[PDB]
Number of protein chains: 2
Amino acid sequence: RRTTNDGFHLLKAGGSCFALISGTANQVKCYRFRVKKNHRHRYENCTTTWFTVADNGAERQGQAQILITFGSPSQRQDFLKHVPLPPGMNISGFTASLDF
Amino acid sequence: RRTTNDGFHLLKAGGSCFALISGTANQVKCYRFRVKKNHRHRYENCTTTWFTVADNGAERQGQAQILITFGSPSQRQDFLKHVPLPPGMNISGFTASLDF
């Protein structure tokens, strides 16, 4: 084309909300395995499982921090109908504003 | 207490920007190894090296996707002075808004 192409960042388009789900490892492992069958239509793209480090204590998050990117708020809202959330995890939907 | 603490998501406070650095893997590996000494004050918390999947193409990102959360905009700006960015990689500052 030009090439004035990509830095490989996918959150660019202005309605790329990320559900960050910091569920407990075993439960997230079960969750993703269970979800992928019927509840593929609950996301477009997602990560693997990952972990975040802390600063001062010798700590990580032991919890598997998955990141889920949907355009549709219908995916977020029809969530509880089609795949209701288990307790033990919490979900947090962050709306991504590209700043540059 | 509660203990109504975390869901373990570190983007909560209204000034947690994420630099999402999708450098080539070897470059990301060299970047951090070089950076960590003097350019520790380029970040507060940051990730490991993660990767994204593609949807319909049988690919991932081969490039390594680190995510960097600093409070300061001085962090992003005194960046180019103290550690000027190499070419070949890209960075993106996504300023994160919690929706819920």
# chains A, B, ... in the order shown; residues from 1 in each chain; ligands from 1
$ residues_around --residues "residue B:96" --least-positions-apart "4" --cutoff "9 Å" --atoms "only C-alpha atoms" --output "list in words"
residues 94, 95, 96, 97 and 98 of chain A; 11, 12, 14, 15, 16, 17 and 18 of chain B
$ closest_atom_pairs --of "chain A" --to "chain B" --cutoff "7 Å" --atoms "only C-alpha atoms" --output "JSON lines"
{"residue": "A:7", "atom": "CA", "partner": "B:90", "partner_atom": "CA", "distance": 5.0}
{"residue": "A:8", "atom": "CA", "partner": "B:22", "partner_atom": "CA", "distance": 5.5}
{"residue": "A:9", "atom": "CA", "partner": "B:22", "partner_atom": "CA", "distance": 6.6}
{"residue": "A:22", "atom": "CA", "partner": "B:8", "partner_atom": "CA", "distance": 5.4}
{"residue": "A:45", "atom": "CA", "partner": "B:55", "partner_atom": "CA", "distance": 6.7}
{"residue": "A:47", "atom": "CA", "partner": "B:52", "partner_atom": "CA", "distance": 5.3}
{"residue": "A:52", "atom": "CA", "partner": "B:47", "partner_atom": "CA", "distance": 5.4}
{"residue": "A:53", "atom": "CA", "partner": "B:47", "partner_atom": "CA", "distance": 6.4}
{"residue": "A:54", "atom": "CA", "partner": "B:45", "partner_atom": "CA", "distance": 6.6}
{"residue": "A:55", "atom": "CA", "partner": "B:45", "partner_atom": "CA", "distance": 6.3}
{"residue": "A:89", "atom": "CA", "partner": "B:7", "partner_atom": "CA", "distance": 6.7}
{"residue": "A:90", "atom": "CA", "partner": "B:7", "partner_atom": "CA", "distance": 5.1}
{"residue": "A:93", "atom": "CA", "partner": "B:99", "partner_atom": "CA", "distance": 6.0}
{"residue": "A:94", "atom": "CA", "partner": "B:98", "partner_atom": "CA", "distance": 4.5}
{"residue": "A:95", "atom": "CA", "partner": "B:97", "partner_atom": "CA", "distance": 5.1}
{"residue": "A:96", "atom": "CA", "partner": "B:96", "partner_atom": "CA", "distance": 5.2}
{"residue": "A:97", "atom": "CA", "partner": "B:95", "partner_atom": "CA", "distance": 5.1}
{"residue": "A:98", "atom": "CA", "partner": "B:94", "partner_atom": "CA", "distance": 4.4}
{"residue": "A:99", "atom": "CA", "partner": "B:94", "partner_atom": "CA", "distance": 5.6}
{"residue": "A:100", "atom": "CA", "partner": "B:93", "partner_atom": "CA", "distance": 6.5}
$ write_last_selection --atoms "N, CA and C atoms" --output "PDB file, in the first residue's frame"
ATOM      1  N   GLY A   7       1.603  -0.952  13.987  1.00  0.00           N
ATOM      2  CA  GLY A   7       2.075  -1.531  15.234  1.00  0.00           C
ATOM      3  C   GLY A   7       1.045  -2.531  15.654  1.00  0.00           C
ATOM      4  N   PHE A   8       1.428  -3.733  16.116  1.00  0.00           N
ATOM      5  CA  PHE A   8       0.464  -4.818  16.227  1.00  0.00           C
ATOM      6  C   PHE A   8      -0.361  -4.718  17.500  1.00  0.00           C
ATOM      7  N   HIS A   9      -1.214  -3.680  17.577  1.00  0.00           N
ATOM      8  CA  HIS A   9      -2.110  -3.361  18.664  1.00  0.00           C
ATOM      9  C   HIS A   9      -3.523  -3.444  18.115  1.00  0.00           C
ATOM     10  N   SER A  22     -10.064 -11.515  36.032  1.00  0.00           N
ATOM     11  CA  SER A  22      -8.977 -12.010  36.874  1.00  0.00           C
ATOM     12  C   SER A  22      -9.437 -13.142  37.732  1.00  0.00           C
ATOM     13  N   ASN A  45     -12.098 -11.371  19.634  1.00  0.00           N
ATOM     14  CA  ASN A  45     -10.740 -11.766  19.938  1.00  0.00           C
ATOM     15  C   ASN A  45     -10.535 -11.778  21.441  1.00  0.00           C
ATOM     16  N   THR A  47      -7.129 -13.005  24.541  1.00  0.00           N
ATOM     17  CA  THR A  47      -5.754 -13.411  24.796  1.00  0.00           C
ATOM     18  C   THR A  47      -5.605 -14.918  25.012  1.00  0.00           C
ATOM     19  N   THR A  52      -0.092 -10.763  35.997  1.00  0.00           N
ATOM     20  CA  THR A  52       0.510  -9.454  36.147  1.00  0.00           C
ATOM     21  C   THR A  52       1.385  -9.572  37.373  1.00  0.00           C
ATOM     22  N   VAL A  53       2.547  -8.887  37.364  1.00  0.00           N
ATOM     23  CA  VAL A  53       3.452  -8.785  38.484  1.00  0.00           C
ATOM     24  C   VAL A  53       3.078  -7.604  39.366  1.00  0.00           C
ATOM     25  N   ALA A  54       3.385  -7.717  40.680  1.00  0.00           N
ATOM     26  CA  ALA A  54       3.331  -6.614  41.618  1.00  0.00           C
ATOM     27  C   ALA A  54       4.662  -5.876  41.645  1.00  0.00           C
ATOM     28  N   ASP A  55       4.758  -4.769  42.415  1.00  0.00           N
ATOM     29  CA  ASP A  55       6.004  -4.041  42.525  1.00  0.00           C
ATOM     30  C   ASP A  55       6.821  -4.611  43.684  1.00  0.00           C
ATOM     31  N   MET A  89     -14.568 -15.295  40.451  1.00  0.00           N
ATOM     32  CA  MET A  89     -13.949 -14.302  39.616  1.00  0.00           C
ATOM     33  C   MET A  89     -14.766 -13.030  39.669  1.00  0.00           C
ATOM     34  N   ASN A  90     -14.173 -11.933  39.178  1.00  0.00           N
ATOM     35  CA  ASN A  90     -14.838 -10.678  38.959  1.00  0.00           C
ATOM     36  C   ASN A  90     -14.414 -10.311  37.553  1.00  0.00           C
ATOM     37  N   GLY A  93     -14.876  -4.404  32.663  1.00  0.00           N
ATOM     38  CA  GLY A  93     -14.958  -3.904  31.310  1.00  0.00           C
ATOM     39  C   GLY A  93     -14.319  -2.565  31.233  1.00  0.00           C
ATOM     40  N   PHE A  94     -13.191  -2.478  30.520  1.00  0.00           N
ATOM     41  CA  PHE A  94     -12.503  -1.231  30.344  1.00  0.00           C
ATOM     42  C   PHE A  94     -12.693  -0.839  28.911  1.00  0.00           C
ATOM     43  N   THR A  95     -12.968   0.450  28.690  1.00  0.00           N
ATOM     44  CA  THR A  95     -13.196   1.083  27.424  1.00  0.00           C
ATOM     45  C   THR A  95     -11.876   1.729  27.112  1.00  0.00           C
ATOM     46  N   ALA A  96     -11.344   1.442  25.916  1.00  0.00           N
ATOM     47  CA  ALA A  96      -9.978   1.742  25.562  1.00  0.00           C
ATOM     48  C   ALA A  96      -9.902   3.000  24.725  1.00  0.00           C
ATOM     49  N   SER A  97      -9.347   4.099  25.285  1.00  0.00           N
ATOM     50  CA  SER A  97      -9.167   5.315  24.511  1.00  0.00           C
ATOM     51  C   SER A  97      -7.744   5.400  24.043  1.00  0.00           C
ATOM     52  N   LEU A  98      -7.529   5.249  22.722  1.00  0.00           N
ATOM     53  CA  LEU A  98      -6.228   5.442  22.102  1.00  0.00           C
ATOM     54  C   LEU A  98      -5.901   6.922  22.163  1.00  0.00           C
ATOM     55  N   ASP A  99      -4.720   7.279  22.716  1.00  0.00           N
ATOM     56  CA  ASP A  99      -4.453   8.631  23.155  1.00  0.00           C
ATOM     57  C   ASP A  99      -3.656   9.421  22.121  1.00  0.00           C
ATOM     58  N   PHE A 100      -2.758   8.728  21.382  1.00  0.00           N
ATOM     59  CA  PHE A 100      -1.861   9.312  20.400  1.00  0.00           C
ATOM     60  C   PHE A 100      -2.624   9.732  19.120  1.00  0.00           C
TER      61      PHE A 100
END
$ atom_distance --atom1 "atom CA of residue B:82" --atom2 "atom CA of residue B:25"
22.5 Å
$ atom_distance --atom1 "atom CA of residue A:43" --atom2 "atom CA of residue A:28"
15.5 Å
$ select_by_dssp --residues "stretch 4-53 of chain A" --states "alpha helix (DSSP H)" --output "number ranges by chain"
A: 25-38
$ closest_residue --among "A:13, A:58, A:83, A:76" --to "residue A:32" --atoms "only C-alpha atoms"
A:83
$ atom_distance --atom1 "atom CA of residue A:71" --atom2 "atom CA of residue B:56"
17.0 Å
